Every structure is written in C-alpha cells, then in structure tokens.
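Asks: So I've got this file, work.csv, and it contains CSV, N, CA and C atoms and all ligand atoms:
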chain,number,residue,atom,x,y,z
A,5,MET,N,45.1,122.4,8.9
A,5,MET,CA,43.9,122.6,8.2
A,5,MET,C,44.1,122.8,6.7
A,6,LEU,N,43.2,123.5,6.0
A,6,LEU,CA,43.4,123.7,4.5
A,6,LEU,C,44.4,124.7,4.3
A,7,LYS,N,45.4,124.4,3.3
A,7,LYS,CA,46.4,125.4,2.9
A,7,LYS,C,46.5,125.4,1.4
A,8,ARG,N,47.3,126.3,0.9
A,8,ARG,CA,47.8,126.3,-0.4
A,8,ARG,C,49.3,126.0,-0.3
A,9,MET,N,49.8,125.2,-1.2
A,9,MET,CA,51.2,125.0,-1.3
A,9,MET,C,51.6,125.4,-2.7
A,10,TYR,N,52.7,126.1,-2.8
A,10,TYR,CA,53.3,126.4,-4.1
A,10,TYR,C,54.5,125.6,-4.2
A,11,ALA,N,54.7,124.9,-5.3
A,11,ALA,CA,56.0,124.3,-5.4
A,11,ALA,C,56.6,124.5,-6.9
A,12,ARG,N,57.8,124.8,-6.9
A,12,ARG,CA,58.5,125.0,-8.2
A,12,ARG,C,59.4,123.8,-8.3
A,13,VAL,N,59.4,123.1,-9.5
A,13,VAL,CA,60.1,121.8,-9.6
A,13,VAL,C,61.1,122.0,-10.7
A,14,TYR,N,62.4,121.6,-10.4
A,14,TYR,CA,63.4,121.7,-11.4
A,14,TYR,C,63.9,120.3,-11.7
A,15,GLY,N,64.4,120.1,-13.0
A,15,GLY,CA,65.1,118.9,-13.3
A,15,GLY,C,64.6,118.6,-14.7
A,16,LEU,N,64.7,117.3,-15.2
A,16,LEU,CA,63.9,117.0,-16.4
A,16,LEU,C,62.5,116.8,-16.1
A,17,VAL,N,61.7,117.8,-16.2
A,17,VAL,CA,60.3,117.6,-15.8
A,17,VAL,C,59.3,118.0,-16.9
A,18,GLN,N,59.7,118.5,-18.0
A,18,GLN,CA,58.7,118.8,-19.1
A,18,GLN,C,58.9,117.7,-20.2
A,19,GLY,N,57.7,117.3,-20.7
A,19,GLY,CA,57.7,116.3,-21.8
A,19,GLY,C,57.8,114.9,-21.3
A,20,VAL,N,57.6,114.7,-20.0
A,20,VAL,CA,58.0,113.4,-19.4
A,20,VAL,C,57.0,112.8,-18.4
A,21,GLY,N,55.7,113.2,-18.6
A,21,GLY,CA,54.6,112.7,-17.8
A,21,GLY,C,54.5,113.3,-16.4
A,22,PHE,N,55.3,114.3,-16.1
A,22,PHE,CA,55.3,114.9,-14.8
A,22,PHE,C,54.0,115.6,-14.4
A,23,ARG,N,53.3,116.3,-15.3
A,23,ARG,CA,52.2,117.1,-14.9
A,23,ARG,C,51.0,116.2,-14.7
A,24,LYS,N,51.0,115.1,-15.5
A,24,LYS,CA,49.9,114.1,-15.4
A,24,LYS,C,50.1,113.3,-14.1
A,25,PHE,N,51.4,113.0,-13.9
A,25,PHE,CA,51.7,112.4,-12.6
A,25,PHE,C,51.3,113.1,-11.4
A,26,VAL,N,51.6,114.4,-11.3
A,26,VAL,CA,51.1,115.2,-10.3
A,26,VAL,C,49.6,115.2,-10.2
A,27,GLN,N,49.0,115.4,-11.3
A,27,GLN,CA,47.6,115.4,-11.3
A,27,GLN,C,47.0,114.1,-10.7
A,28,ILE,N,47.4,113.0,-11.2
A,28,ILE,CA,46.9,111.7,-10.7
A,28,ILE,C,47.1,111.6,-9.3
A,29,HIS,N,48.3,111.9,-8.8
A,29,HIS,CA,48.4,111.8,-7.3
A,29,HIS,C,47.6,112.9,-6.5
A,30,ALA,N,47.4,114.1,-7.1
A,30,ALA,CA,46.6,115.1,-6.5
A,30,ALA,C,45.2,114.6,-6.4
A,31,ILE,N,44.7,114.0,-7.4
A,31,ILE,CA,43.3,113.5,-7.4
A,31,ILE,C,43.1,112.4,-6.3
A,32,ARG,N,44.1,111.5,-6.2
A,32,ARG,CA,44.0,110.4,-5.3
A,32,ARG,C,43.9,110.9,-3.8
A,33,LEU,N,44.6,112.1,-3.6
A,33,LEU,CA,44.6,112.7,-2.2
A,33,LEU,C,43.5,113.7,-2.0
A,34,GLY,N,42.6,113.8,-3.0
A,34,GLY,CA,41.6,114.9,-3.0
A,34,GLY,C,42.2,116.4,-3.0
A,35,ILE,N,43.3,116.6,-3.6
A,35,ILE,CA,43.9,117.9,-3.7
A,35,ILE,C,43.5,118.6,-5.0
A,36,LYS,N,43.3,119.9,-5.0
A,36,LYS,CA,42.9,120.7,-6.2
A,36,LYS,C,44.0,121.7,-6.5
A,37,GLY,N,44.0,122.3,-7.7
A,37,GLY,CA,45.1,123.1,-8.1
A,37,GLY,C,45.5,122.8,-9.5
A,38,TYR,N,46.8,123.1,-9.8
A,38,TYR,CA,47.2,122.8,-11.1
A,38,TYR,C,48.7,122.6,-11.1
A,39,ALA,N,49.2,122.1,-12.3
A,39,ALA,CA,50.6,122.0,-12.6
A,39,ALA,C,50.7,122.6,-13.9
A,40,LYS,N,51.8,123.4,-14.1
A,40,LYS,CA,52.0,124.2,-15.3
A,40,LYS,C,53.4,124.1,-15.7
A,41,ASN,N,53.7,124.0,-17.0
A,41,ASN,CA,55.0,124.2,-17.5
A,41,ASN,C,55.4,125.6,-17.4
A,42,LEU,N,56.7,125.9,-17.1
A,42,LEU,CA,57.2,127.3,-17.2
A,42,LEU,C,58.2,127.4,-18.3
A,43,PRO,N,58.4,128.6,-18.8
A,43,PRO,CA,59.4,128.8,-19.9
A,43,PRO,C,60.8,128.4,-19.6
A,44,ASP,N,61.3,128.2,-18.4
A,44,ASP,CA,62.7,127.8,-18.3
A,44,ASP,C,62.9,126.3,-18.2
A,45,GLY,N,61.9,125.5,-18.5
A,45,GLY,CA,61.8,124.1,-18.4
A,45,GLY,C,61.5,123.5,-17.0
A,46,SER,N,61.2,124.4,-16.0
A,46,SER,CA,60.6,124.0,-14.7
A,46,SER,C,59.1,124.0,-14.7
A,47,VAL,N,58.6,123.4,-13.6
A,47,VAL,CA,57.1,123.1,-13.6
A,47,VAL,C,56.7,123.7,-12.3
A,48,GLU,N,55.6,124.5,-12.3
A,48,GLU,CA,55.0,125.0,-11.1
A,48,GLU,C,53.8,124.2,-10.7
A,49,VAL,N,53.8,123.9,-9.5
A,49,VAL,CA,52.5,123.2,-9.0
A,49,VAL,C,51.9,124.1,-7.9
A,50,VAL,N,50.6,124.4,-8.1
A,50,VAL,CA,49.9,125.0,-7.1
A,50,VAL,C,48.8,124.0,-6.6
A,51,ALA,N,48.8,123.8,-5.3
A,51,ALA,CA,48.0,122.7,-4.7
A,51,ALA,C,47.3,123.3,-3.5
A,52,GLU,N,46.0,123.0,-3.3
A,52,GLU,CA,45.3,123.3,-2.2
A,52,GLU,C,44.6,122.1,-1.6
A,53,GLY,N,44.6,122.0,-0.3
A,53,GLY,CA,44.2,120.7,0.3
A,53,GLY,C,44.7,120.7,1.8
A,54,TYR,N,44.4,119.6,2.5
A,54,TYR,CA,44.8,119.6,3.9
A,54,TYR,C,46.3,119.4,3.9
A,55,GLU,N,46.9,119.9,4.9
A,55,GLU,CA,48.4,120.0,5.0
A,55,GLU,C,49.0,118.6,4.9
A,56,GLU,N,48.4,117.6,5.6
A,56,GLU,CA,49.0,116.3,5.5
A,56,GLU,C,48.9,115.7,4.1
A,57,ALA,N,47.9,116.0,3.4
A,57,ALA,CA,47.7,115.5,2.0
A,57,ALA,C,48.7,116.3,1.2
A,58,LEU,N,48.9,117.6,1.5
A,58,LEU,CA,49.9,118.3,0.6
A,58,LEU,C,51.3,117.8,0.9
A,59,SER,N,51.5,117.4,2.1
A,59,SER,CA,52.8,116.8,2.4
A,59,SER,C,53.0,115.5,1.7
A,60,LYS,N,52.0,114.7,1.6
A,60,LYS,CA,52.1,113.4,0.9
A,60,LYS,C,52.4,113.8,-0.6
A,61,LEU,N,51.7,114.7,-1.1
A,61,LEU,CA,51.8,115.0,-2.6
A,61,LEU,C,53.3,115.5,-2.8
A,62,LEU,N,53.8,116.3,-1.9
A,62,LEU,CA,55.1,116.8,-2.1
A,62,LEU,C,56.1,115.6,-2.1
A,63,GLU,N,55.9,114.6,-1.3
A,63,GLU,CA,56.8,113.5,-1.3
A,63,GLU,C,56.7,112.8,-2.6
A,64,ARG,N,55.5,112.6,-3.2
A,64,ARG,CA,55.4,112.1,-4.6
A,64,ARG,C,56.1,113.0,-5.7
A,65,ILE,N,55.9,114.3,-5.6
A,65,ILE,CA,56.5,115.3,-6.5
A,65,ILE,C,58.0,115.2,-6.4
A,66,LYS,N,58.6,115.0,-5.2
A,66,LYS,CA,60.1,114.8,-5.1
A,66,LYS,C,60.4,113.6,-5.8
A,67,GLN,N,59.5,112.7,-6.0
A,67,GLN,CA,59.8,111.4,-6.7
A,67,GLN,C,59.7,111.5,-8.2
A,68,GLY,N,58.5,111.9,-8.7
A,68,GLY,CA,58.3,112.0,-10.1
A,68,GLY,C,58.0,110.7,-10.7
A,69,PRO,N,57.5,110.8,-12.0
A,69,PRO,CA,57.3,109.6,-12.8
A,69,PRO,C,58.6,109.0,-13.4
A,70,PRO,N,58.5,107.8,-14.0
A,70,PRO,CA,59.7,107.2,-14.5
A,70,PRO,C,60.5,108.0,-15.4
A,71,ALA,N,59.9,108.8,-16.3
A,71,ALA,CA,60.8,109.4,-17.3
A,71,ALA,C,61.5,110.6,-16.7
A,72,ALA,N,61.0,111.1,-15.6
A,72,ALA,CA,61.4,112.4,-15.1
A,72,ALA,C,62.7,112.3,-14.2
A,73,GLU,N,63.3,113.5,-14.0
A,73,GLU,CA,64.4,113.5,-13.0
A,73,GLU,C,64.2,114.8,-12.2
A,74,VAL,N,63.6,114.7,-11.1
A,74,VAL,CA,63.3,115.8,-10.2
A,74,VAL,C,64.5,116.1,-9.3
A,75,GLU,N,65.1,117.3,-9.6
A,75,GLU,CA,66.4,117.6,-8.9
A,75,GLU,C,66.2,118.6,-7.7
A,76,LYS,N,65.2,119.4,-7.8
A,76,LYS,CA,65.0,120.4,-6.7
A,76,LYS,C,63.5,120.8,-6.7
A,77,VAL,N,62.9,120.8,-5.5
A,77,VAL,CA,61.6,121.3,-5.3
A,77,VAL,C,61.6,122.4,-4.2
A,78,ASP,N,61.3,123.6,-4.6
A,78,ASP,CA,61.3,124.8,-3.7
A,78,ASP,C,59.9,124.9,-3.4
A,79,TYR,N,59.4,124.9,-2.2
A,79,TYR,CA,58.0,125.0,-1.9
A,79,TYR,C,57.7,125.8,-0.7
A,80,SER,N,56.5,126.4,-0.7
A,80,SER,CA,56.0,127.1,0.5
A,80,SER,C,54.6,126.8,0.7
A,81,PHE,N,54.1,127.2,1.9
A,81,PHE,CA,52.6,127.0,2.1
A,81,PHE,C,52.1,128.3,2.3
A,82,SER,N,50.8,128.5,2.1
A,82,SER,CA,50.2,129.8,2.4
A,82,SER,C,48.7,129.6,2.5
A,83,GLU,N,48.0,130.7,2.6
A,83,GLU,CA,46.7,130.6,3.0
A,83,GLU,C,45.9,130.0,1.9
A,84,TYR,N,44.9,129.2,2.3
A,84,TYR,CA,44.0,128.6,1.4
A,84,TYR,C,43.1,129.6,0.8
A,85,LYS,N,42.9,129.6,-0.5
A,85,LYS,CA,42.1,130.6,-1.2
A,85,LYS,C,40.9,130.1,-1.9
A,86,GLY,N,40.9,128.8,-2.1
A,86,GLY,CA,39.7,128.1,-2.7
A,86,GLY,C,39.3,128.6,-4.1
A,87,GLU,N,40.3,128.6,-4.9
A,87,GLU,CA,40.3,129.1,-6.3
A,87,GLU,C,39.9,128.0,-7.3
A,88,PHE,N,40.1,126.7,-6.8
A,88,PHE,CA,40.1,125.6,-7.8
A,88,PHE,C,39.0,124.6,-7.5
A,89,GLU,N,38.4,124.1,-8.6
A,89,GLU,CA,37.3,123.2,-8.5
A,89,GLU,C,37.8,121.7,-8.8
A,90,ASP,N,39.0,121.7,-9.4
A,90,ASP,CA,39.7,120.4,-9.7
A,90,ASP,C,41.2,120.6,-9.8
A,91,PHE,N,41.9,119.5,-10.1
A,91,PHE,CA,43.4,119.6,-10.4
A,91,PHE,C,43.6,119.6,-11.9
A,92,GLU,N,44.1,120.6,-12.5
A,92,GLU,CA,44.3,120.7,-14.0
A,92,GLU,C,45.7,120.8,-14.4
A,93,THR,N,46.0,120.5,-15.6
A,93,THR,CA,47.5,120.8,-16.0
A,93,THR,C,47.4,121.8,-17.1
A,94,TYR,N,48.4,122.7,-17.1
A,94,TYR,CA,48.5,123.7,-18.1
A,94,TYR,C,49.9,123.8,-18.7
B,1,CL,CL,49.2,107.2,-3.3
Can the structure from this file be put into structure tokens for me?
Ligand SMILES: [Cl-]

Replies:
Amino acid sequence: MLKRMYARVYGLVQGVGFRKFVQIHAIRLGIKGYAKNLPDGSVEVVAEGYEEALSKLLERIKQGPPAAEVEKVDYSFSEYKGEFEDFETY
C-alpha cells in the first residue's frame, strides 16, 4: 500500500543533477517527497507513494544521472504520513 521511504545516498551526488533526477523520476511514478543536500555531501530522499513505485524509484536512485556516482543507498520504509503535495528539491 502507501509507504514512506527514506533513503540516504552517498557518492558524488551534489552538484551533479541528482536531485533533479530524483525529482523527475519521482514525478513520472507519481511519488511525492523531496530530495535534499546534506552537509557531508550526501543526499537525503524522502519519498511517499506505493511500495512498488518506491521500489522503482529506488532502482533509479541506485543508478543516478550521468554526472553522478552513486556508491551507497541506505534506505528504509515506514508509515505513510501524507506530508507532501509534490516532489521538491532542497
Ligand atoms: Cl521511468
């Protein structure tokens, strides 16, 4: 059913089109949430949507855009909270 997924992404992922990439793929799957740069150069993605869509997004996130180098994605799922009206990047 509907879940929230948290993913923290490590690698070369800031400055490289990653957040926009996430966003575009989240929109195509009807997923809401955000992606945010963190102070250590990692990117946090919070996504809410159906589990199968969240799994497809996570397969894209493990892939990343051309300039990026996604080395590790630590992710969990948890209860859907319905906090988001769109997918934003911060
Ligand atoms: Cl797609």

Asks: Go through A:14, A:88, A:25, A:94 and flag the residue nearest residue 47 of chain A, using all atoms listed in the file for the distances.

Replies: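 The shortest atom-to-atom distance to residue 47 of chain A comes from A:14.
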
Asks: What's the 6 Å shell around residue 9 of chain A, counting all atoms listed in the file, without same-chain residues fewer than 3 positions away, as a list in words?

Replies: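 With the cut-off at 6 Å, the set is residues 49, 50, 51, 52, 80, 81 and 82 of chain A.
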
Asks: Go ahead and save the residues from that selection, with N, CA and C atoms, as a short mmCIF file (atom, residue, chain, number, x, y, z; two decimals), in the coordinates of the input.

Replies:
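The new file again-v8.cif reads:
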data_model
loop_
_atom_site.label_atom_id
_atom_site.label_comp_id
_atom_site.auth_asym_id
_atom_site.auth_seq_id
_atom_site.Cartn_x
_atom_site.Cartn_y
_atom_site.Cartn_z
N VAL A 49 53.80 123.90 -9.50
CA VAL A 49 52.50 123.20 -9.00
C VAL A 49 51.90 124.10 -7.90
N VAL A 50 50.60 124.40 -8.10
CA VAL A 50 49.90 125.00 -7.10
C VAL A 50 48.80 124.00 -6.60
N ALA A 51 48.80 123.80 -5.30
CA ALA A 51 48.00 122.70 -4.70
C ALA A 51 47.30 123.30 -3.50
N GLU A 52 46.00 123.00 -3.30
CA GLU A 52 45.30 123.30 -2.20
C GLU A 52 44.60 122.10 -1.60
N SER A 80 56.50 126.40 -0.70
CA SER A 80 56.00 127.10 0.50
C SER A 80 54.60 126.80 0.70
N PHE A 81 54.10 127.20 1.90
CA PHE A 81 52.60 127.00 2.10
C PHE A 81 52.10 128.30 2.30
N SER A 82 50.80 128.50 2.10
CA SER A 82 50.20 129.80 2.40
C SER A 82 48.70 129.60 2.50
#

Asks: I'd like the interatomic distance between atom CA of residue 29 of chain A and atom CA of residue 48 of chain A, to a tenth of an Å.

Replies: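 The value is 15.2 Å.
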
Asks: Pick from A:31, A:40, A:74, A:90: nearest to residue 61 of chain A, with only C-alpha atoms counted?

Replies: A:31

Asks: Near segment 19-22 of chain A, within 10 Å and counting only C-alpha atoms, which residues show up once chain neighbours fewer than 4 positions away are dropped, as a ChimeraX atom specification?

Replies: /A:13,26-28,39-41,45,47,65,67-74,93

Asks: Name the closest residue to ligand CL 1 (chain B) among the candidates A:60, A:38, A:76, A:18; distances are taken between atoms, counting only C-alpha atoms and all ligand atoms.

Replies: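 Answer, going by the shortest atom-to-atom distance: A:60.
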
Asks: When distances are computed from all atoms listed in the file, which of A:58, A:33, A:5, A:11 shows the smallest separation from ligand CL 1 (chain B)?

Replies: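 Answer, going by the shortest atom-to-atom distance: A:33.
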